[PDB]
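Coordinates from entry-v2.cif are shown below (mmCIF, C-alpha atoms and all ligand atoms).
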```cif
data_my_file
#
loop_
_atom_site.label_atom_id
_atom_site.label_comp_id
_atom_site.auth_asym_id
_atom_site.auth_seq_id
_atom_site.Cartn_x
_atom_site.Cartn_y
_atom_site.Cartn_z
CA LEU A 5 -0.46 25.22 -4.50
CA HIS A 6 -3.43 22.84 -5.10
CA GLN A 7 -5.44 25.82 -6.46
CA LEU A 8 -2.54 26.99 -8.71
CA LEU A 9 -1.91 23.44 -10.09
CA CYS A 10 -5.70 23.06 -10.88
CA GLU A 11 -5.65 26.48 -12.75
CA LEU A 12 -2.52 25.47 -14.73
CA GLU A 13 -4.16 22.09 -15.59
CA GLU A 14 -7.09 24.03 -17.28
CA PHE A 15 -4.72 24.57 -20.32
CA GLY A 16 -4.26 20.83 -21.11
CA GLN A 17 -1.29 19.02 -22.75
CA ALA A 18 1.11 20.52 -25.38
CA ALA A 27 0.15 27.65 -26.55
CA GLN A 28 3.07 28.43 -24.08
CA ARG A 29 0.67 27.68 -21.14
CA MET A 30 -0.01 24.09 -22.37
CA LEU A 31 1.56 21.51 -19.97
CA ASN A 32 4.89 19.68 -20.63
CA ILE A 33 3.75 16.70 -18.43
CA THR A 34 0.57 14.97 -17.38
CA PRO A 35 -0.78 15.61 -13.84
CA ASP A 36 -0.13 11.94 -12.97
CA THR A 37 3.49 12.40 -14.07
CA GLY A 38 3.68 15.28 -11.51
CA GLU A 39 2.18 12.97 -8.86
CA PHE A 40 4.84 10.35 -9.73
CA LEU A 41 7.67 12.91 -9.37
CA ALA A 42 6.14 14.03 -5.99
CA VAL A 43 6.46 10.46 -4.67
CA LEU A 44 9.93 9.82 -6.16
CA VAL A 45 11.54 13.00 -4.74
CA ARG A 46 10.15 12.32 -1.25
CA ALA A 47 10.83 8.56 -1.25
CA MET A 48 14.49 8.94 -2.34
CA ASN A 49 15.09 11.99 -0.04
CA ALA A 50 16.25 13.78 -3.23
CA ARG A 51 17.11 17.18 -1.61
CA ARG A 52 19.08 18.34 -4.73
CA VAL A 53 16.93 18.22 -7.88
CA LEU A 54 17.86 19.37 -11.41
CA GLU A 55 15.16 19.90 -14.06
CA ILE A 56 16.01 20.41 -17.75
CA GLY A 57 12.92 21.92 -19.40
CA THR A 58 11.01 24.29 -17.02
CA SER A 59 8.39 25.17 -19.65
CA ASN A 60 5.78 27.28 -17.67
CA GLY A 61 6.94 25.74 -14.32
CA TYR A 62 4.08 23.14 -13.88
CA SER A 63 6.58 20.23 -13.49
CA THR A 64 8.86 22.53 -11.39
CA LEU A 65 6.02 23.16 -8.87
CA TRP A 66 5.58 19.39 -8.22
CA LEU A 67 9.40 19.06 -7.73
CA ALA A 68 9.57 22.23 -5.55
CA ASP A 69 6.74 21.09 -3.28
CA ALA A 70 8.50 17.70 -2.90
CA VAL A 71 11.93 19.17 -2.02
CA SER A 72 10.20 21.62 0.39
CA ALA A 73 9.08 18.52 2.42
CA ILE A 74 12.80 17.46 2.78
CA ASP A 75 14.35 20.99 2.99
CA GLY A 76 15.93 20.72 -0.48
CA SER A 77 15.98 22.80 -3.69
CA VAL A 78 15.27 22.58 -7.46
CA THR A 79 17.51 24.07 -10.16
CA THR A 80 15.57 24.33 -13.45
CA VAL A 81 16.67 25.34 -17.00
CA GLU A 82 14.49 26.76 -19.83
CA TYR A 83 15.63 27.89 -23.34
CA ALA A 84 12.55 30.09 -24.17
CA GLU A 85 12.11 33.56 -22.49
CA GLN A 86 8.31 33.42 -23.05
CA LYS A 87 7.98 30.12 -21.08
CA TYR A 88 10.53 31.30 -18.43
CA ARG A 89 8.52 34.50 -17.64
CA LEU A 90 5.27 32.44 -17.32
CA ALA A 91 7.25 30.15 -14.98
CA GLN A 92 8.49 33.16 -12.90
CA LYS A 93 4.84 34.43 -12.58
CA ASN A 94 3.61 30.93 -11.51
CA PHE A 95 6.49 30.63 -8.89
CA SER A 96 5.75 34.16 -7.56
CA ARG A 97 2.20 32.89 -6.70
CA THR A 98 3.53 30.33 -4.13
CA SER A 99 5.81 30.29 -1.03
CA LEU A 100 8.03 27.83 -3.06
CA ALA A 101 9.93 30.39 -5.28
CA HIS A 102 12.72 30.45 -2.61
CA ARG A 103 13.26 26.68 -3.25
CA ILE A 104 13.69 27.20 -7.07
CA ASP A 105 16.83 28.41 -8.96
CA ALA A 106 15.15 29.08 -12.39
CA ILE A 107 17.80 29.64 -15.11
CA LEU A 108 16.92 31.10 -18.52
CA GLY A 109 19.66 29.70 -20.84
CA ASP A 110 21.13 26.83 -22.85
CA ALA A 111 21.06 23.41 -21.11
CA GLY A 112 24.20 22.18 -22.94
CA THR A 113 26.08 25.22 -21.34
CA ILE A 114 24.47 24.92 -17.86
CA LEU A 115 25.25 21.12 -17.80
CA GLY A 116 28.85 21.57 -19.09
CA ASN A 117 29.60 23.94 -16.13
CA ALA A 118 27.79 22.20 -13.17
CA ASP A 119 29.94 20.27 -10.58
CA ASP A 120 30.23 16.42 -10.20
CA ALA A 121 27.68 14.38 -8.15
CA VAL A 122 25.74 17.52 -7.11
CA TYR A 123 22.19 16.19 -7.87
CA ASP A 124 20.08 13.39 -6.30
CA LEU A 125 17.41 13.42 -9.04
CA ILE A 126 17.47 14.86 -12.58
CA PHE A 127 14.18 15.30 -14.48
CA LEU A 128 14.71 15.70 -18.28
CA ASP A 129 11.94 17.10 -20.45
CA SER A 130 13.77 19.12 -23.15
CA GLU A 131 15.10 18.70 -26.70
CA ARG A 132 15.36 14.89 -26.97
CA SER A 133 17.80 15.02 -29.97
CA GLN A 134 20.33 16.68 -27.55
CA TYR A 135 20.26 13.95 -24.87
CA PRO A 136 23.08 11.76 -26.27
CA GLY A 137 25.38 14.83 -26.41
CA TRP A 138 24.47 15.80 -22.82
CA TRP A 139 24.92 12.24 -21.45
CA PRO A 140 28.54 12.55 -20.15
CA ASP A 141 27.45 15.70 -18.19
CA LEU A 142 24.15 14.10 -17.00
CA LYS A 143 26.04 11.01 -15.75
CA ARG A 144 28.73 13.07 -13.93
CA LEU A 145 26.14 15.46 -12.28
CA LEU A 146 24.05 12.55 -10.91
CA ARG A 147 25.41 11.27 -7.57
CA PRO A 148 26.08 7.54 -7.30
CA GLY A 149 22.70 6.17 -6.11
CA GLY A 150 20.83 9.03 -7.80
CA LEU A 151 17.91 8.81 -10.29
CA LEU A 152 17.42 10.17 -13.82
CA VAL A 153 13.74 10.51 -14.94
CA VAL A 154 13.11 11.24 -18.65
CA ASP A 155 9.67 12.26 -20.01
CA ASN A 156 8.16 11.33 -23.42
CA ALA A 157 9.94 7.89 -23.44
CA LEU A 158 6.88 6.23 -25.05
CA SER A 159 5.29 9.19 -26.92
CA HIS A 160 8.69 9.73 -28.65
CA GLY A 161 10.40 6.29 -28.55
CA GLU A 162 12.16 6.85 -31.95
CA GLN A 163 13.62 10.22 -30.91
CA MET A 164 14.64 8.75 -27.50
CA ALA A 165 16.10 5.52 -28.93
CA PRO A 166 19.79 6.57 -29.28
CA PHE A 167 19.83 8.00 -25.73
CA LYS A 168 17.99 4.97 -24.21
CA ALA A 169 20.56 2.68 -25.96
CA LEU A 170 23.56 4.64 -24.52
CA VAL A 171 22.16 4.50 -20.96
CA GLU A 172 21.11 0.82 -21.23
CA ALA A 173 24.71 -0.06 -22.41
CA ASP A 174 26.23 1.61 -19.27
CA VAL A 175 26.78 -1.24 -16.68
CA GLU A 176 26.76 1.49 -13.93
CA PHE A 177 22.99 2.10 -14.52
CA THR A 178 19.85 0.11 -13.71
CA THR A 179 16.92 1.14 -15.91
CA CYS A 180 13.21 0.75 -16.58
CA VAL A 181 10.28 2.37 -18.40
CA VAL A 182 7.09 3.39 -16.44
CA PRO A 183 4.03 4.06 -18.73
CA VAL A 184 2.82 7.02 -16.66
CA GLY A 185 1.75 9.97 -18.81
CA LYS A 186 3.91 10.06 -22.01
CA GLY A 187 6.27 7.47 -20.52
CA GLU A 188 9.13 7.82 -18.05
CA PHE A 189 12.57 6.33 -18.68
CA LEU A 190 14.25 5.83 -15.29
CA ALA A 191 17.95 5.19 -14.73
CA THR A 192 19.66 4.89 -11.36
CA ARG A 193 23.43 5.12 -11.00
CA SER A 194 25.08 2.26 -9.05
CA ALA A 195 27.15 2.89 -5.95
CA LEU A 196 30.87 2.45 -6.70
CA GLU A 197 33.01 -0.20 -4.90
CA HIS A 198 33.68 0.98 -1.29
CA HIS A 199 35.91 -0.34 1.53
CA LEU B 5 20.20 -14.67 -12.15
CA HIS B 6 19.42 -13.43 -15.72
CA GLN B 7 19.17 -17.11 -16.85
CA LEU B 8 16.93 -18.07 -13.87
CA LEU B 9 14.60 -15.04 -14.39
CA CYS B 10 14.27 -15.92 -18.17
CA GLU B 11 13.38 -19.59 -17.24
CA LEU B 12 10.78 -18.43 -14.65
CA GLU B 13 9.30 -16.00 -17.26
CA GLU B 14 8.60 -19.04 -19.58
CA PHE B 15 5.51 -19.80 -17.35
CA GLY B 16 3.71 -16.47 -18.04
CA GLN B 17 1.26 -14.50 -15.83
CA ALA B 18 -1.19 -16.02 -13.25
CA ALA B 27 -0.30 -23.16 -12.16
CA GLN B 28 1.86 -22.40 -9.00
CA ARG B 29 4.80 -21.48 -11.34
CA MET B 30 2.78 -18.71 -13.10
CA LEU B 31 4.17 -15.23 -12.22
CA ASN B 32 2.60 -12.87 -9.61
CA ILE B 33 4.07 -9.79 -11.44
CA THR B 34 5.06 -8.72 -14.92
CA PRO B 35 8.80 -8.63 -15.81
CA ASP B 36 8.58 -4.83 -16.21
CA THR B 37 7.14 -4.63 -12.68
CA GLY B 38 10.32 -6.48 -11.51
CA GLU B 39 12.45 -3.98 -13.46
CA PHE B 40 10.57 -1.12 -11.73
CA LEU B 41 11.18 -2.63 -8.27
CA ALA B 42 14.92 -3.08 -9.20
CA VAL B 43 15.20 0.67 -9.86
CA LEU B 44 13.13 1.74 -6.82
CA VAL B 45 15.10 -0.35 -4.27
CA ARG B 46 18.44 0.93 -5.59
CA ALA B 47 17.35 4.57 -6.04
CA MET B 48 15.91 4.86 -2.50
CA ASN B 49 18.82 2.89 -0.90
CA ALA B 50 16.08 0.61 0.54
CA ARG B 51 18.41 -1.82 2.45
CA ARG B 52 15.46 -3.27 4.48
CA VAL B 53 12.71 -4.64 2.21
CA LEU B 54 9.51 -6.49 3.23
CA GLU B 55 7.50 -8.45 0.65
CA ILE B 56 4.00 -9.78 1.39
CA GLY B 57 3.25 -12.46 -1.22
CA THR B 58 6.41 -14.45 -2.21
CA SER B 59 4.49 -16.72 -4.61
CA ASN B 60 7.30 -18.76 -6.37
CA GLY B 61 9.93 -16.07 -5.52
CA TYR B 62 10.07 -14.30 -8.98
CA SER B 63 9.33 -10.85 -7.42
CA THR B 64 11.62 -11.75 -4.44
CA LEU B 65 14.59 -12.35 -6.83
CA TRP B 66 14.27 -8.80 -8.30
CA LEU B 67 14.13 -7.36 -4.72
CA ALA B 68 17.02 -9.59 -3.51
CA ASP B 69 19.28 -8.62 -6.41
CA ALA B 70 18.51 -4.93 -5.70
CA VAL B 71 19.26 -5.13 -1.94
CA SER B 72 22.44 -7.14 -2.74
CA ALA B 73 23.73 -3.98 -4.59
CA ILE B 74 23.27 -1.93 -1.32
CA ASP B 75 24.18 -4.71 1.19
CA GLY B 76 20.58 -5.06 2.42
CA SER B 77 18.05 -7.89 2.88
CA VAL B 78 14.50 -8.97 1.92
CA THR B 79 12.00 -10.54 4.33
CA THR B 80 9.19 -12.25 2.36
CA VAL B 81 5.91 -13.92 3.49
CA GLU B 82 3.89 -16.62 1.66
CA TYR B 83 0.67 -18.39 2.87
CA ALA B 84 0.89 -21.46 0.53
CA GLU B 85 3.47 -24.28 1.22
CA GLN B 86 3.43 -25.31 -2.49
CA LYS B 87 4.48 -21.79 -3.64
CA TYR B 88 6.96 -21.44 -0.72
CA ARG B 89 8.84 -24.68 -1.65
CA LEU B 90 9.06 -23.55 -5.34
CA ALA B 91 10.42 -20.23 -3.97
CA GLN B 92 13.02 -22.07 -1.79
CA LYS B 93 14.17 -24.11 -4.88
CA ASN B 94 14.44 -20.89 -7.02
CA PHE B 95 16.46 -19.10 -4.20
CA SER B 96 18.76 -22.15 -3.80
CA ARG B 97 19.74 -21.67 -7.51
CA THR B 98 21.34 -18.22 -6.84
CA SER B 99 23.97 -16.68 -4.49
CA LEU B 100 21.08 -14.42 -3.20
CA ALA B 101 19.37 -16.93 -0.77
CA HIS B 102 21.55 -15.47 2.06
CA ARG B 103 19.87 -12.04 1.44
CA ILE B 104 16.30 -13.52 1.78
CA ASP B 105 14.38 -14.37 5.02
CA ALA B 106 11.51 -16.42 3.41
CA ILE B 107 8.69 -17.03 5.94
CA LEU B 108 5.94 -19.60 5.33
CA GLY B 109 2.98 -18.27 7.40
CA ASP B 110 0.10 -15.82 7.84
CA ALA B 111 0.87 -12.19 6.88
CA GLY B 112 -1.63 -10.77 9.42
CA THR B 113 0.43 -12.61 12.19
CA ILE B 114 3.90 -11.74 10.77
CA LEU B 115 2.85 -8.02 10.41
CA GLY B 116 1.24 -7.87 13.91
CA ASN B 117 4.58 -8.98 15.48
CA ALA B 118 7.20 -7.00 13.43
CA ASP B 119 8.87 -3.90 15.07
CA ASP B 120 8.18 -0.18 14.25
CA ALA B 121 9.96 1.63 11.34
CA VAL B 122 12.05 -1.47 10.46
CA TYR B 123 11.46 -1.40 6.64
CA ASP B 124 12.52 1.08 3.90
CA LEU B 125 10.28 -0.45 1.21
CA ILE B 126 7.28 -2.79 1.47
CA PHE B 127 6.03 -4.61 -1.66
CA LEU B 128 2.43 -5.94 -1.26
CA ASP B 129 1.11 -8.59 -3.62
CA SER B 130 -1.18 -10.75 -1.45
CA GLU B 131 -4.88 -11.05 -0.51
CA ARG B 132 -6.17 -7.56 -1.38
CA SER B 133 -9.33 -7.91 0.81
CA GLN B 134 -6.94 -8.07 3.85
CA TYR B 135 -5.09 -4.80 3.15
CA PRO B 136 -7.39 -2.44 5.12
CA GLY B 137 -7.05 -4.71 8.20
CA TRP B 138 -3.23 -4.80 7.83
CA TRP B 139 -2.92 -1.00 7.30
CA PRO B 140 -2.10 0.05 10.92
CA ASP B 141 0.75 -2.57 10.92
CA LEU B 142 1.92 -1.62 7.36
CA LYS B 143 2.05 2.08 8.35
CA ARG B 144 3.95 1.43 11.62
CA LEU B 145 6.51 -0.98 9.94
CA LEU B 146 7.34 1.55 7.18
CA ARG B 147 10.01 4.06 8.30
CA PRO B 148 9.19 7.75 7.87
CA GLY B 149 10.44 8.47 4.32
CA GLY B 150 9.83 4.86 3.26
CA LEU B 151 7.81 3.56 0.26
CA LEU B 152 4.86 1.15 -0.01
CA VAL B 153 4.39 -0.45 -3.49
CA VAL B 154 1.14 -2.37 -4.10
CA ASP B 155 0.57 -4.61 -7.17
CA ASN B 156 -2.71 -5.14 -9.09
CA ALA B 157 -3.88 -1.52 -8.39
CA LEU B 158 -5.43 -1.26 -11.89
CA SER B 159 -6.22 -4.95 -12.66
CA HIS B 160 -8.20 -5.06 -9.35
CA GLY B 161 -9.25 -1.41 -8.72
CA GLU B 162 -12.59 -2.45 -7.07
CA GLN B 163 -10.92 -4.87 -4.63
CA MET B 164 -8.18 -2.26 -3.89
CA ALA B 165 -10.60 0.69 -3.52
CA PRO B 166 -11.17 0.58 0.29
CA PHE B 167 -7.42 0.32 0.96
CA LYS B 168 -6.50 3.06 -1.60
CA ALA B 169 -9.13 5.33 0.08
CA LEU B 170 -7.66 4.74 3.61
CA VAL B 171 -4.11 5.53 2.44
CA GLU B 172 -5.18 8.57 0.35
CA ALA B 173 -7.03 9.97 3.46
CA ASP B 174 -3.81 9.76 5.58
CA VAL B 175 -2.16 13.27 5.43
CA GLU B 176 1.19 11.56 6.37
CA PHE B 177 1.30 9.84 2.91
CA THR B 178 1.99 11.08 -0.62
CA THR B 179 0.56 8.72 -3.25
CA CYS B 180 0.34 7.91 -6.94
CA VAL B 181 -0.57 5.12 -9.38
CA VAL B 182 2.01 3.91 -12.01
CA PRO B 183 0.43 1.83 -14.87
CA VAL B 184 3.35 -0.61 -15.04
CA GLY B 185 2.22 -4.23 -15.33
CA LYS B 186 -1.11 -4.68 -13.43
CA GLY B 187 -0.69 -1.24 -11.84
CA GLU B 188 1.36 -0.09 -8.87
CA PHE B 189 -0.11 2.00 -6.05
CA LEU B 190 2.76 3.89 -4.39
CA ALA B 191 2.61 5.61 -1.01
CA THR B 192 5.52 7.32 0.73
CA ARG B 193 5.40 8.20 4.41
CA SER B 194 6.27 11.84 5.28
CA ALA B 195 9.11 12.70 7.62
CA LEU B 196 7.76 13.86 10.99
CA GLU B 197 8.49 17.39 12.37
CA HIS B 198 12.16 17.52 13.57
CA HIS B 199 14.19 20.15 15.48
MG MG C 1 7.16 16.40 -21.81
MG MG C 2 0.30 -9.60 -8.47
#
```
Give the structure from the file, written as structure tokens.
Amino acid sequence: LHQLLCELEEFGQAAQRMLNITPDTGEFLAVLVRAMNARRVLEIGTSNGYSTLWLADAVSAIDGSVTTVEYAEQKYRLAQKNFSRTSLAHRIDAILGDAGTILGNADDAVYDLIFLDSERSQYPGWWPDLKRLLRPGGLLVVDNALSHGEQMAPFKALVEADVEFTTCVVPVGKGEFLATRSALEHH
Amino acid sequence: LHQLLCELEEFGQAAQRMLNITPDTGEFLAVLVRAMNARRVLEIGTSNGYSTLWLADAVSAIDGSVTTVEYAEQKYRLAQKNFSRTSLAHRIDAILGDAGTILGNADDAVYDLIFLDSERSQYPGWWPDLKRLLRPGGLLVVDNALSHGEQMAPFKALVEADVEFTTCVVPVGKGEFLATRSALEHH
């Protein structure tokens, strides 16, 4: 895994082999998945699977799984090759398809952590599905929050207006927008 | 709480009323405590209680508690006044004393999250106690990791050498060093 990550890092930041996240964003996800015991992870935006490998290693440490979604066949096949080079492929459900469809069909409260690194213009439309898929207590992590503040702004505003979420921005890599869903009232 | 935090923020960054963390560090702690369901928090370095209030609000949302430690009576009494101005004082065990003593005496695996913002030269000496107090799966968050990299370096090296920890650095505020303790082998 260490060797494979180092080889993938030789291509630098985003042609299909260029990385969708910084290495220190991957390190951040590694800590978050372990620290919140996030056994059920969803990723929207596999790219070549670099981010997925950090998530998959993390869920392997807590006997969990990653479901990832990628629009582009070219990136998906690179991702399949990368996963085939590790013992972690069995922990990854890699879907080649349309995230709006995949999100529309998933079940309620099924994910502990969702990592979003896809088409930012789509996020406001996906928000009802992202909110219902995230368990109460779960965490949403969104990449490119500072590199692409203007594109992210409508989505960040929707999430910040939702009293059921606590949010922040972490300037790791291209910026992470974090949002955690409150527990509901219980007896 | 919002009103009290805004008033405390009028004093800016570190004389006893000047803040020990940035507001966006407080927002980060708010998300972390909720997202990891960290009902048992330990803080080393209360200062005037600004950081403590973010932690206390967070644990209030998950019916938890914060134990905080401050060396300086002047800062401790400011912290008591600030806590007395909220419904959250009942969630805070504020100890005026020596962190090396308090840590030496606490029980094993009693804390979900530990926030360190104290005398950085001391951290390597405290490390055996910090490791044993943090539950497996728990998170250590250390402030001033980038503002004071040289002072932090021996401690960061000890923690990075420990195969039971997964680590990263988040450039929020003066820099957060995060370290999460692995689960042990289970049946
Ligand atoms: Mg990205
Ligand atoms: Mg500080």
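The residues sitting within 6 Å of ligand MG 1 (chain C), with only C-alpha atoms and all ligand atoms considered, come out as residues 32, 33, 129, 155 and 156 of chain A.
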Residues at most 12 Å from ligand MG 2 (chain C), using all atoms listed in the file? Could they come as a VMD selection string? chain B and resid 17 to 18 30 to 35 37 to 38 55 to 63 127 to 132 153 to 160 184 to 189
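Counting from atom CA of residue B:8, the distance to atom CA of residue B:39 is 14.8 Å.
For chain A, the residues within 7 Å of chain B are residues 39, 40, 43, 46, 47, 48, 149, 150, 151, 178, 179, 180, 182, 183, 184 and 192 of chain A, with all atoms listed in the file used to measure distance.
In terms of minimum interatomic distance to residue A:84, A:28 ranks closest within A:121, A:51, A:28, A:69, counting only C-alpha atoms.
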First collect every listed atom of stretch 172-189 of chain A; then fit an axis-aligned box around them, widen it by 5 Å on each side, and give centre and edge lengths in Å to one decimal, as AutoDock Vina command-line options.
```
--center_x 14.3 --center_y 4.4 --center_z -18.1 --size_x 35.0 --size_y 21.3 --size_z 18.7
```
Nearest residue to residue B:100 out of B:163, B:72, B:117, B:133, using all atoms listed in the file?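 Smallest separation from residue B:100 among the options: B:72.
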Find the distance between atom CA of residue A:168 and atom CA of residue A:140 and write it in Å to one decimal.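 Computing the Euclidean distance for atom CA of residue A:168 and atom CA of residue A:140 yields 13.6 Å.
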Between atom CA of residue B:139 and atom CA of residue B:86, what is the distance, to one decimal in Å? 27.0 Å
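If you measure from each of A:146, A:136, A:198, A:54 to residue A:170 using only C-alpha atoms, the closest one turns out to be A:136.
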